[PDB]
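Chemist: This is structure-v6.pdb (PDB, C-alpha atoms and all ligand atoms).
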ATOM      1  CA  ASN P   1     -15.140  26.890   2.591  1.00  0.00           C
ATOM      2  CA  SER P   2     -13.645  25.912   5.937  1.00  0.00           C
ATOM      3  CA  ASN P   3     -11.139  28.304   7.495  1.00  0.00           C
ATOM      4  CA  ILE P   4      -8.886  25.502   8.790  1.00  0.00           C
ATOM      5  CA  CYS P   5      -6.868  22.793   6.994  1.00  0.00           C
ATOM      6  CA  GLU P   6      -8.776  19.523   6.731  1.00  0.00           C
ATOM      7  CA  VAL P   7      -5.643  17.565   7.610  1.00  0.00           C
ATOM      8  CA  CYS P   8      -3.851  19.440  10.428  1.00  0.00           C
ATOM      9  CA  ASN P   9      -6.791  21.633  11.634  1.00  0.00           C
ATOM     10  CA  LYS P  10      -4.744  24.816  11.586  1.00  0.00           C
ATOM     11  CA  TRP P  11      -5.323  28.062   9.769  1.00  0.00           C
ATOM     12  CA  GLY P  12      -2.693  29.504   7.431  1.00  0.00           C
ATOM     13  CA  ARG P  13      -2.098  29.733   3.699  1.00  0.00           C
ATOM     14  CA  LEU P  14      -5.059  27.629   2.550  1.00  0.00           C
ATOM     15  CA  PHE P  15      -6.332  26.334  -0.778  1.00  0.00           C
ATOM     16  CA  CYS P  16     -10.045  25.841  -1.090  1.00  0.00           C
ATOM     17  CA  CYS P  17     -11.731  23.021  -2.913  1.00  0.00           C
ATOM     18  CA  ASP P  18     -14.195  24.240  -5.576  1.00  0.00           C
ATOM     19  CA  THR P  19     -16.556  21.252  -5.224  1.00  0.00           C
ATOM     20  CA  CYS P  20     -16.751  20.821  -1.418  1.00  0.00           C
ATOM     21  CA  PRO P  21     -16.150  23.092   1.585  1.00  0.00           C
ATOM     22  CA  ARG P  22     -12.730  21.621   2.510  1.00  0.00           C
ATOM     23  CA  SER P  23      -9.478  23.643   2.613  1.00  0.00           C
ATOM     24  CA  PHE P  24      -5.824  22.522   2.698  1.00  0.00           C
ATOM     25  CA  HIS P  25      -2.269  23.656   3.266  1.00  0.00           C
ATOM     26  CA  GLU P  26      -0.312  23.123   0.068  1.00  0.00           C
ATOM     27  CA  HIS P  27       1.712  20.194   1.446  1.00  0.00           C
ATOM     28  CA  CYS P  28      -1.007  18.841   3.734  1.00  0.00           C
ATOM     29  CA  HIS P  29      -2.965  17.769   0.647  1.00  0.00           C
ATOM     30  CA  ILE P  30      -1.669  14.643  -1.113  1.00  0.00           C
ATOM     31  CA  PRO P  31      -0.694  15.087  -3.839  1.00  0.00           C
ATOM     32  CA  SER P  32       0.519  18.628  -3.032  1.00  0.00           C
ATOM     33  CA  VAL P  33      -1.965  21.224  -4.147  1.00  0.00           C
ATOM     34  CA  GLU P  34      -1.465  21.728  -7.888  1.00  0.00           C
ATOM     35  CA  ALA P  35      -1.858  25.502  -7.985  1.00  0.00           C
ATOM     36  CA  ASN P  36      -2.276  26.041 -11.756  1.00  0.00           C
ATOM     37  CA  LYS P  37      -5.799  24.559 -11.967  1.00  0.00           C
ATOM     38  CA  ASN P  38      -9.147  26.400 -11.759  1.00  0.00           C
ATOM     39  CA  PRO P  39     -11.577  24.826 -10.878  1.00  0.00           C
ATOM     40  CA  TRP P  40      -9.573  22.613  -8.482  1.00  0.00           C
ATOM     41  CA  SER P  41     -11.080  19.594  -6.741  1.00  0.00           C
ATOM     42  CA  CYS P  42      -9.513  18.032  -3.670  1.00  0.00           C
ATOM     43  CA  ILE P  43      -8.697  14.374  -3.263  1.00  0.00           C
ATOM     44  CA  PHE P  44     -11.941  13.727  -1.332  1.00  0.00           C
ATOM     45  CA  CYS P  45     -13.862  14.966  -4.371  1.00  0.00           C
ATOM     46  CA  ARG P  46     -11.723  13.041  -6.826  1.00  0.00           C
ATOM     47  CA  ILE P  47     -12.284   9.842  -4.840  1.00  0.00           C
ATOM     48  CA  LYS P  48     -16.035  10.457  -4.701  1.00  0.00           C
ATOM     49  CA  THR P  49     -16.004  10.918  -8.496  1.00  0.00           C
ATOM     50  CA  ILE P  50     -14.280   7.529  -9.074  1.00  0.00           C
ATOM     51  CA  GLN P  51     -16.937   6.008  -6.852  1.00  0.00           C
ATOM     52  CA  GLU P  52     -19.799   7.684  -8.776  1.00  0.00           C
ATOM     53  CA  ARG P  53     -18.345   6.776 -12.193  1.00  0.00           C
ATOM     54  CA  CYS P  54     -18.263   3.066 -11.212  1.00  0.00           C
ATOM     55  CA  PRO P  55     -20.862   2.229  -8.542  1.00  0.00           C
ATOM     56  CA  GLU P  56     -19.912  -1.453  -8.499  1.00  0.00           C
ATOM     57  CA  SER P  57     -16.463  -0.381  -7.287  1.00  0.00           C
ATOM     58  CA  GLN P  58     -18.138  -0.268  -3.833  1.00  0.00           C
ATOM     59  CA  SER P  59     -19.022  -3.984  -3.796  1.00  0.00           C
ATOM     60  CA  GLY P  60     -16.933  -6.124  -1.449  1.00  0.00           C
ATOM     61  CA  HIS P  61     -13.453  -7.177  -2.496  1.00  0.00           C
ATOM     62  CA  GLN P  62     -10.943  -9.674  -1.160  1.00  0.00           C
ATOM     63  CA  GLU P  63      -7.851  -8.034   0.388  1.00  0.00           C
ATOM     64  CA  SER P  64      -5.633 -10.486  -1.487  1.00  0.00           C
ATOM     65  CA  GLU P  65      -7.002  -9.263  -4.857  1.00  0.00           C
ATOM     66  CA  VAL P  66      -6.703  -5.607  -3.855  1.00  0.00           C
ATOM     67  CA  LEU P  67      -3.054  -5.974  -2.849  1.00  0.00           C
ATOM     68  CA  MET P  68      -2.133  -7.476  -6.250  1.00  0.00           C
ATOM     69  CA  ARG P  69      -3.495  -4.541  -8.191  1.00  0.00           C
ATOM     70  CA  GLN P  70      -1.070  -2.558 -10.227  1.00  0.00           C
ATOM     71  CA  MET P  71      -0.648   1.086  -9.295  1.00  0.00           C
ATOM     72  CA  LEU P  72      -2.568   2.570 -12.213  1.00  0.00           C
ATOM     73  CA  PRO P  73      -3.780   6.146 -11.693  1.00  0.00           C
ATOM     74  CA  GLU P  74      -6.969   5.151  -9.797  1.00  0.00           C
ATOM     75  CA  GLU P  75      -5.078   2.955  -7.345  1.00  0.00           C
ATOM     76  CA  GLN P  76      -2.330   5.581  -6.956  1.00  0.00           C
ATOM     77  CA  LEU P  77      -5.015   8.099  -5.963  1.00  0.00           C
ATOM     78  CA  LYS P  78      -6.623   5.663  -3.496  1.00  0.00           C
ATOM     79  CA  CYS P  79      -3.247   5.070  -1.818  1.00  0.00           C
ATOM     80  CA  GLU P  80      -2.609   8.833  -1.678  1.00  0.00           C
ATOM     81  CA  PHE P  81      -6.013   9.248  -0.040  1.00  0.00           C
ATOM     82  CA  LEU P  82      -5.450   6.462   2.458  1.00  0.00           C
ATOM     83  CA  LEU P  83      -2.113   8.060   3.378  1.00  0.00           C
ATOM     84  CA  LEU P  84      -3.843  11.429   3.822  1.00  0.00           C
ATOM     85  CA  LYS P  85      -6.459   9.852   6.119  1.00  0.00           C
ATOM     86  CA  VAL P  86      -3.625   8.643   8.360  1.00  0.00           C
ATOM     87  CA  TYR P  87      -2.071  12.116   8.487  1.00  0.00           C
ATOM     88  CA  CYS P  88      -5.472  13.513   9.412  1.00  0.00           C
ATOM     89  CA  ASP P  89      -5.152  11.855  12.831  1.00  0.00           C
ATOM     90  CA  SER P  90      -3.100  13.941  15.233  1.00  0.00           C
ATOM     91  CA  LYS P  91      -1.311  10.816  16.502  1.00  0.00           C
ATOM     92  CA  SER P  92       0.326  10.472  13.051  1.00  0.00           C
ATOM     93  CA  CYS P  93       2.917  12.990  14.279  1.00  0.00           C
ATOM     94  CA  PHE P  94       4.740  10.138  16.031  1.00  0.00           C
ATOM     95  CA  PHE P  95       5.092   8.247  12.752  1.00  0.00           C
ATOM     96  CA  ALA P  96       5.726  11.052  10.293  1.00  0.00           C
ATOM     97  CA  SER P  97       9.457  11.683  10.427  1.00  0.00           C
ATOM     98  CA  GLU P  98      12.436   9.378  10.548  1.00  0.00           C
ATOM     99  CA  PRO P  99      12.639   7.509  13.874  1.00  0.00           C
ATOM    100  CA  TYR P 100      15.714   6.578  15.864  1.00  0.00           C
ATOM    101  CA  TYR P 101      16.132   3.742  18.287  1.00  0.00           C
ATOM    102  CA  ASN P 102      18.111   3.834  21.531  1.00  0.00           C
ATOM    103  CA  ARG P 103      16.241   2.292  24.442  1.00  0.00           C
ATOM    104  CA  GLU P 104      17.551  -0.075  27.090  1.00  0.00           C
ATOM    105  CA  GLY P 105      16.472  -3.613  26.328  1.00  0.00           C
ATOM    106  CA  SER P 106      15.356  -3.073  22.720  1.00  0.00           C
ATOM    107  CA  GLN P 107      17.057  -3.178  19.331  1.00  0.00           C
ATOM    108  CA  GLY P 108      15.779  -1.042  16.479  1.00  0.00           C
ATOM    109  CA  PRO P 109      14.025  -2.542  13.477  1.00  0.00           C
ATOM    110  CA  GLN P 110      15.955  -3.974  10.568  1.00  0.00           C
ATOM    111  CA  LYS P 111      13.914  -1.818   8.140  1.00  0.00           C
ATOM    112  CA  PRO P 112      12.794   1.525   9.592  1.00  0.00           C
ATOM    113  CA  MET P 113       9.767   3.128   7.987  1.00  0.00           C
ATOM    114  CA  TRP P 114       7.891   6.376   8.415  1.00  0.00           C
ATOM    115  CA  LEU P 115       5.018   8.246   6.814  1.00  0.00           C
ATOM    116  CA  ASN P 116       7.039  10.959   5.080  1.00  0.00           C
ATOM    117  CA  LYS P 117       9.066   8.182   3.428  1.00  0.00           C
ATOM    118  CA  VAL P 118       5.911   6.532   2.162  1.00  0.00           C
ATOM    119  CA  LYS P 119       4.745   9.957   0.948  1.00  0.00           C
ATOM    120  CA  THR P 120       7.981  10.458  -1.016  1.00  0.00           C
ATOM    121  CA  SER P 121       7.799   6.932  -2.390  1.00  0.00           C
ATOM    122  CA  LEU P 122       4.281   7.563  -3.689  1.00  0.00           C
ATOM    123  CA  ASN P 123       5.281  10.904  -5.206  1.00  0.00           C
ATOM    124  CA  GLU P 124       8.206   9.201  -6.983  1.00  0.00           C
ATOM    125  CA  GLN P 125       6.004   6.340  -8.301  1.00  0.00           C
ATOM    126  CA  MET P 126       8.133   3.747  -6.489  1.00  0.00           C
ATOM    127  CA  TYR P 127       5.308   1.285  -5.815  1.00  0.00           C
ATOM    128  CA  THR P 128       4.172  -0.919  -8.653  1.00  0.00           C
ATOM    129  CA  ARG P 129       1.358  -2.691  -6.741  1.00  0.00           C
ATOM    130  CA  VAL P 130      -0.935  -1.706  -3.884  1.00  0.00           C
ATOM    131  CA  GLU P 131       0.869  -4.417  -1.883  1.00  0.00           C
ATOM    132  CA  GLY P 132       4.103  -2.355  -1.736  1.00  0.00           C
ATOM    133  CA  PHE P 133       2.351   0.630  -0.243  1.00  0.00           C
ATOM    134  CA  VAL P 134       0.302  -1.443   2.219  1.00  0.00           C
ATOM    135  CA  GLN P 135       3.394  -3.426   3.296  1.00  0.00           C
ATOM    136  CA  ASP P 136       5.322  -0.245   4.081  1.00  0.00           C
ATOM    137  CA  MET P 137       2.381   1.228   5.971  1.00  0.00           C
ATOM    138  CA  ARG P 138       1.906  -1.886   8.051  1.00  0.00           C
ATOM    139  CA  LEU P 139       5.668  -1.989   8.719  1.00  0.00           C
ATOM    140  CA  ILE P 140       5.490   1.408  10.437  1.00  0.00           C
ATOM    141  CA  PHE P 141       3.134   0.061  13.090  1.00  0.00           C
ATOM    142  CA  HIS P 142       4.765  -3.364  13.426  1.00  0.00           C
ATOM    143  CA  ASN P 143       8.197  -1.798  13.996  1.00  0.00           C
ATOM    144  CA  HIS P 144       6.740   0.403  16.708  1.00  0.00           C
ATOM    145  CA  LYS P 145       4.982  -2.422  18.536  1.00  0.00           C
ATOM    146  CA  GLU P 146       8.068  -4.586  18.490  1.00  0.00           C
ATOM    147  CA  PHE P 147      10.445  -1.850  19.701  1.00  0.00           C
ATOM    148  CA  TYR P 148       8.319  -0.467  22.553  1.00  0.00           C
ATOM    149  CA  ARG P 149       7.451  -3.971  23.849  1.00  0.00           C
ATOM    150  CA  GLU P 150       5.543  -3.472  27.135  1.00  0.00           C
ATOM    151  CA  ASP P 151       5.839   0.328  27.357  1.00  0.00           C
ATOM    152  CA  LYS P 152       2.335   1.748  27.255  1.00  0.00           C
ATOM    153  CA  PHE P 153       3.624   3.853  24.289  1.00  0.00           C
ATOM    154  CA  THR P 154       3.074   0.719  22.202  1.00  0.00           C
ATOM    155  CA  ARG P 155      -0.639   1.701  22.213  1.00  0.00           C
ATOM    156  CA  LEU P 156       0.025   4.630  19.853  1.00  0.00           C
ATOM    157  CA  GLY P 157       0.935   2.133  17.124  1.00  0.00           C
ATOM    158  CA  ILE P 158      -2.244   0.153  17.756  1.00  0.00           C
ATOM    159  CA  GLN P 159      -4.318   3.313  17.583  1.00  0.00           C
ATOM    160  CA  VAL P 160      -2.871   4.641  14.355  1.00  0.00           C
ATOM    161  CA  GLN P 161      -2.850   1.176  12.767  1.00  0.00           C
ATOM    162  CA  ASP P 162      -6.572   0.988  13.484  1.00  0.00           C
ATOM    163  CA  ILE P 163      -7.110   4.305  11.616  1.00  0.00           C
ATOM    164  CA  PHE P 164      -5.116   2.922   8.707  1.00  0.00           C
ATOM    165  CA  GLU P 165      -6.983  -0.400   8.607  1.00  0.00           C
ATOM    166  CA  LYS P 166     -10.501   1.116   8.904  1.00  0.00           C
ATOM    167  CA  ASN P 167      -9.700   3.509   6.123  1.00  0.00           C
ATOM    168  CA  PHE P 168      -8.111   0.787   3.942  1.00  0.00           C
ATOM    169  CA  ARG P 169     -11.267  -1.297   4.228  1.00  0.00           C
ATOM    170  CA  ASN P 170     -13.417   1.706   3.350  1.00  0.00           C
ATOM    171  CA  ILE P 171     -11.402   3.150   0.426  1.00  0.00           C
ATOM    172  CA  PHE P 172     -10.715  -0.242  -1.193  1.00  0.00           C
ATOM    173  CA  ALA P 173     -14.199  -1.584  -0.418  1.00  0.00           C
ATOM    174  CA  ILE P 174     -12.951  -4.682   1.402  1.00  0.00           C
ATOM    175  CA  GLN P 175     -15.749  -7.229   1.948  1.00  0.00           C
ATOM    176  CA  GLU P 176     -17.213  -6.875   5.424  1.00  0.00           C
ATOM    177  CA  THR P 177     -16.686  -9.798   7.791  1.00  0.00           C
ATOM    178  CA  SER P 178     -17.244 -10.451  11.507  1.00  0.00           C
TER     179      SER P 178
HETATM  180 ZN    ZN L   1      -2.507  21.566   7.186  1.00  0.00          ZN
HETATM  181 ZN    ZN L   2     -13.288  18.744  -2.309  1.00  0.00          ZN
END
Go ahead and render the structure in this file as structure tokens.
Ligand SMILES: [Zn+2]
Ligand SMILES: [Zn+2]

Modeler:
Amino acid sequence: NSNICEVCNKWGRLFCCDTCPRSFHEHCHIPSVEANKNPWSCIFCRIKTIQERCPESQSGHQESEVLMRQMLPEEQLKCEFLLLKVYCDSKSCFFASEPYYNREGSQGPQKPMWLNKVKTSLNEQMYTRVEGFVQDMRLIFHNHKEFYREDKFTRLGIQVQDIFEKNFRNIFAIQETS
């Protein structure tokens, strides 16, 4: 297995997947690494298995249909995975913890949102439909773009939103369009 965490790319106390070469810090994996199991398969492997069990799951879907899906175990896992893919980008650090807003000429958002909050909400089974998770994720980037206005720092929200959206389309097999 790899000698660095798949998510944060650092060494440390690592847990190795038994079905692929990836390794993870306990709380870098989502869900947190469940240490009782042996064999243990990571989320990448679990997602691949869902895919292989139901090959037609990879045919194109409409975003509107995907968002209305109830958060049954398969969809819960897909949202956990999509969240993990965002954390895998180093620029997620800007969006991970609770923000605060005090900049001349701007007012903070009415509903602040951050990745660790989404992570807790998933862990606590607070989303009933994929829509709730996707709305909170999109809110993170929208809040950022609105607050930073014309500061070049606004670009960080565009960049991380693009990671989110590319991964959403992949994981939920959104129908390709131009
Ligand atoms: Zn890590
Ligand atoms: Zn694996």

Chemist: Evaluating the PyMOL selection byres (((not hetatm)) within 9 of (chain L and resi 2)) on the displayed file yields which residues, as an mmCIF file with C-alpha atoms, keeping the file's coordinate frame?

Modeler:
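Saved file selection-v3.cif follows:
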data_model
loop_
_atom_site.group_PDB
_atom_site.id
_atom_site.type_symbol
_atom_site.label_atom_id
_atom_site.label_comp_id
_atom_site.auth_asym_id
_atom_site.auth_seq_id
_atom_site.Cartn_x
_atom_site.Cartn_y
_atom_site.Cartn_z
ATOM 1 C CA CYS P 16 -10.045 25.841 -1.090
ATOM 2 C CA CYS P 17 -11.731 23.021 -2.913
ATOM 3 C CA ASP P 18 -14.195 24.240 -5.576
ATOM 4 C CA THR P 19 -16.556 21.252 -5.224
ATOM 5 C CA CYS P 20 -16.751 20.821 -1.418
ATOM 6 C CA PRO P 21 -16.150 23.092 1.585
ATOM 7 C CA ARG P 22 -12.730 21.621 2.510
ATOM 8 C CA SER P 23 -9.478 23.643 2.613
ATOM 9 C CA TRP P 40 -9.573 22.613 -8.482
ATOM 10 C CA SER P 41 -11.080 19.594 -6.741
ATOM 11 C CA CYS P 42 -9.513 18.032 -3.670
ATOM 12 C CA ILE P 43 -8.697 14.374 -3.263
ATOM 13 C CA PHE P 44 -11.941 13.727 -1.332
ATOM 14 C CA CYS P 45 -13.862 14.966 -4.371
ATOM 15 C CA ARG P 46 -11.723 13.041 -6.826
#

Chemist: Starting from the shown file, work through the PyMOL selection byres (((not hetatm)) within 8 of (chain L and resi 1)) and note down what comes out as a PyMOL selection string.

Modeler: chain P and resi 4-12+24-29

Chemist: Just the selected residues (C-alpha atoms), exported as an mmCIF file, in the frame of the given file, please.

Modeler:
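Wrote it out as out.cif, contents follow:
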data_model
loop_
_atom_site.group_PDB
_atom_site.id
_atom_site.type_symbol
_atom_site.label_atom_id
_atom_site.label_comp_id
_atom_site.auth_asym_id
_atom_site.auth_seq_id
_atom_site.Cartn_x
_atom_site.Cartn_y
_atom_site.Cartn_z
ATOM 1 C CA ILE P 4 -8.886 25.502 8.790
ATOM 2 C CA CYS P 5 -6.868 22.793 6.994
ATOM 3 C CA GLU P 6 -8.776 19.523 6.731
ATOM 4 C CA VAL P 7 -5.643 17.565 7.610
ATOM 5 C CA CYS P 8 -3.851 19.440 10.428
ATOM 6 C CA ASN P 9 -6.791 21.633 11.634
ATOM 7 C CA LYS P 10 -4.744 24.816 11.586
ATOM 8 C CA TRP P 11 -5.323 28.062 9.769
ATOM 9 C CA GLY P 12 -2.693 29.504 7.431
ATOM 10 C CA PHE P 24 -5.824 22.522 2.698
ATOM 11 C CA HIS P 25 -2.269 23.656 3.266
ATOM 12 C CA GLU P 26 -0.312 23.123 0.068
ATOM 13 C CA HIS P 27 1.712 20.194 1.446
ATOM 14 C CA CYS P 28 -1.007 18.841 3.734
ATOM 15 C CA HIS P 29 -2.965 17.769 0.647
#

Chemist: Pick out the residues sitting within 10 Å of residue 83 in chain P, and hand them over as a VMD selection string; count only C-alpha atoms, and ignore anything fewer than 6 positions along from it in its own chain.

Modeler: chain P and resid 30 77 115 to 116 118 to 119 122 133 to 134 137 164 167 to 168

Chemist: Could you check the closest approach to residue 120 in chain P for each of P:37, P:80, P:153, P:159 and tell me which residue wins, using all atoms listed in the file?

Modeler: P:80

Chemist: Return as JSON the box centre and box size in Å, one decimal, for an axis-aligned box around all listed atoms of range 75-89 of chain P padded by 3 Å per side.

Modeler:
{"center_x": -4.3, "center_y": 8.2, "center_z": 2.7, "size_x": 10.6, "size_y": 16.6, "size_z": 26.2}

Chemist: Could range 142-156 of chain P be completed with N, CA, C and O atoms and returned as a JSON list (two decimals), keeping the file's coordinate frame?

Modeler:
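File part-v9.json, as written:
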[["chain", "number", "residue", "atom", "x", "y", "z"],
["P", 142, "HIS", "N", 4.16, -2.15, 12.91],
["P", 142, "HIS", "CA", 4.76, -3.36, 13.43],
["P", 142, "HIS", "C", 6.10, -3.04, 14.08],
["P", 142, "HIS", "O", 6.39, -3.52, 15.18],
["P", 143, "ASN", "N", 6.89, -2.20, 13.44],
["P", 143, "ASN", "CA", 8.20, -1.80, 14.00],
["P", 143, "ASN", "C", 7.99, -1.17, 15.36],
["P", 143, "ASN", "O", 8.74, -1.46, 16.29],
["P", 144, "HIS", "N", 6.98, -0.33, 15.48],
["P", 144, "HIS", "CA", 6.74, 0.40, 16.71],
["P", 144, "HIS", "C", 6.36, -0.56, 17.83],
["P", 144, "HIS", "O", 6.88, -0.50, 18.95],
["P", 145, "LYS", "N", 5.43, -1.45, 17.52],
["P", 145, "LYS", "CA", 4.98, -2.42, 18.54],
["P", 145, "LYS", "C", 6.11, -3.30, 18.98],
["P", 145, "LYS", "O", 6.27, -3.55, 20.20],
["P", 146, "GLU", "N", 6.96, -3.73, 18.07],
["P", 146, "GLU", "CA", 8.07, -4.59, 18.49],
["P", 146, "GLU", "C", 9.12, -3.86, 19.32],
["P", 146, "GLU", "O", 9.72, -4.44, 20.20],
["P", 147, "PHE", "N", 9.39, -2.60, 19.02],
["P", 147, "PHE", "CA", 10.44, -1.85, 19.70],
["P", 147, "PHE", "C", 10.01, -1.46, 21.12],
["P", 147, "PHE", "O", 10.82, -1.56, 22.08],
["P", 148, "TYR", "N", 8.78, -0.99, 21.26],
["P", 148, "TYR", "CA", 8.32, -0.47, 22.55],
["P", 148, "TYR", "C", 7.86, -1.58, 23.50],
["P", 148, "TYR", "O", 7.87, -1.37, 24.72],
["P", 149, "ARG", "N", 7.64, -2.79, 22.99],
["P", 149, "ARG", "CA", 7.45, -3.97, 23.85],
["P", 149, "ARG", "C", 6.30, -3.71, 24.82],
["P", 149, "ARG", "O", 5.17, -3.56, 24.37],
["P", 150, "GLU", "N", 6.58, -3.62, 26.12],
["P", 150, "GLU", "CA", 5.54, -3.47, 27.14],
["P", 150, "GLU", "C", 5.35, -2.03, 27.59],
["P", 150, "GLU", "O", 4.51, -1.78, 28.47],
["P", 151, "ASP", "N", 6.10, -1.07, 27.04],
["P", 151, "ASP", "CA", 5.84, 0.33, 27.36],
["P", 151, "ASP", "C", 4.43, 0.62, 26.86],
["P", 151, "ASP", "O", 4.05, 0.21, 25.74],
["P", 152, "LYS", "N", 3.68, 1.38, 27.64],
["P", 152, "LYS", "CA", 2.34, 1.75, 27.26],
["P", 152, "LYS", "C", 2.34, 2.54, 25.93],
["P", 152, "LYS", "O", 1.32, 2.63, 25.25],
["P", 153, "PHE", "N", 3.48, 3.11, 25.55],
["P", 153, "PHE", "CA", 3.62, 3.85, 24.29],
["P", 153, "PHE", "C", 3.33, 2.96, 23.07],
["P", 153, "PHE", "O", 2.96, 3.44, 22.00],
["P", 154, "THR", "N", 3.46, 1.65, 23.25],
["P", 154, "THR", "CA", 3.07, 0.72, 22.20],
["P", 154, "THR", "C", 1.66, 0.99, 21.72],
["P", 154, "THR", "O", 1.37, 0.80, 20.51],
["P", 155, "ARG", "N", 0.76, 1.43, 22.59],
["P", 155, "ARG", "CA", -0.64, 1.70, 22.21],
["P", 155, "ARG", "C", -0.82, 2.72, 21.07],
["P", 155, "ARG", "O", -1.81, 2.64, 20.31],
["P", 156, "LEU", "N", 0.10, 3.66, 20.94],
["P", 156, "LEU", "CA", 0.02, 4.63, 19.85],
["P", 156, "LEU", "C", 0.08, 3.94, 18.48],
["P", 156, "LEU", "O", -0.60, 4.37, 17.55]]
